[PDB]
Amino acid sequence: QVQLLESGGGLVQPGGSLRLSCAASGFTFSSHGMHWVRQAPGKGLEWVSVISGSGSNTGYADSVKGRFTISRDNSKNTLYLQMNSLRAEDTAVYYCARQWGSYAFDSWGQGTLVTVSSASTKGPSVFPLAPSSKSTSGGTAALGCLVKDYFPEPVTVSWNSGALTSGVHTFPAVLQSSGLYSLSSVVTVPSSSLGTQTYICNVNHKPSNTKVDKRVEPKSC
C-alpha cells in the first residue's frame, strides 16, 4: 500500500549541491504534510524540513535554513530536497517521511546516504574467503567475500542473486587508516553442499558503478 521510494544520495564535495527525490504511492499524496528527517551514521534522528500538502507552506530546521530547499510535484507524486552549501556535518542517511497528525511520522522511505567529502570515489577490490578442508568443522563450513578499499559508503552484498539468505552475515564496514572502507560478507553452508552448490557473492558499489560477481570455490592445493 503506502510506499515512499527514495533516490539521489551519494558523494558530494564540501560547498556542493545535491538533489534527493521521494516517489510516493498508495495514498492521496496532496493530503499529507511531507518531511525530511536525517540520521548521521551511528547517531540519532534530526528533523530537517516540512512542506504542506499544497506545496505552499514550508519549514526548516535552523541547521539547514538558507542552504536547503524543500519542494514537491503533486502531479508526479514526488518530494524533493535541494541541498546546497553542503558541509561535513550534513553527512547522514536522509529519509522522507509522511506526516501523521501533529507532526508524528507514520511512513518513511528506505533512506539514502549522503556523504559530504573532498576525497575521491574508489571502487572495491573483491577477494574470496575460501572454505578450506580444515574450515569444514564437522558438517558446517564457512565461506565469504572481502570487499576491500572502497569510498564512499555504501556497498550491497547478496549471495547467488538473492537465492541464498540463511546463514548470511554482511558485516558493518570498517574505515581503514588509508581513509578507505573494508567489509566482509560470510555465509555458513553445509560442508556436504560444497561439491554440489555454486557460491557467488554479488557485490555492488553504486557510487563508482562497480558490479562484481565473485565465485567462491574451495581452494585446490
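Start at 1 with the first residue shown and count on from there.
The deposited model assigns a higher average Cα B-factor to 120-128 than to the other stretch when 102-110 and 120-128 are compared.
Judged by mean Cα B factor in the deposited record, 140-148 ranks above the other of 74-82 and 140-148.
Highest CA B-factor among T170, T28, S177, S49, as stated in the entry: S177. Per the PDB record, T196 has a higher Cα B-factor than any other of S54, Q39, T196, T58. The PDB entry assigns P154 a C-alpha temperature factor belonging to the middle third of its chain's modelled residues. Compared with the other modelled residues of the chain, the Cα B-factor recorded for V12 ranks in the middle third. Placement of the Cα temperature factor of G44 within the chain: middle third of the modelled residues, per the deposited record. In this PDB entry, the Cα temperature factor of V186 sits in the middle third of its chain's modelled residues. In the PDB entry, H205 places in the middle third of its chain by CA B-factor.
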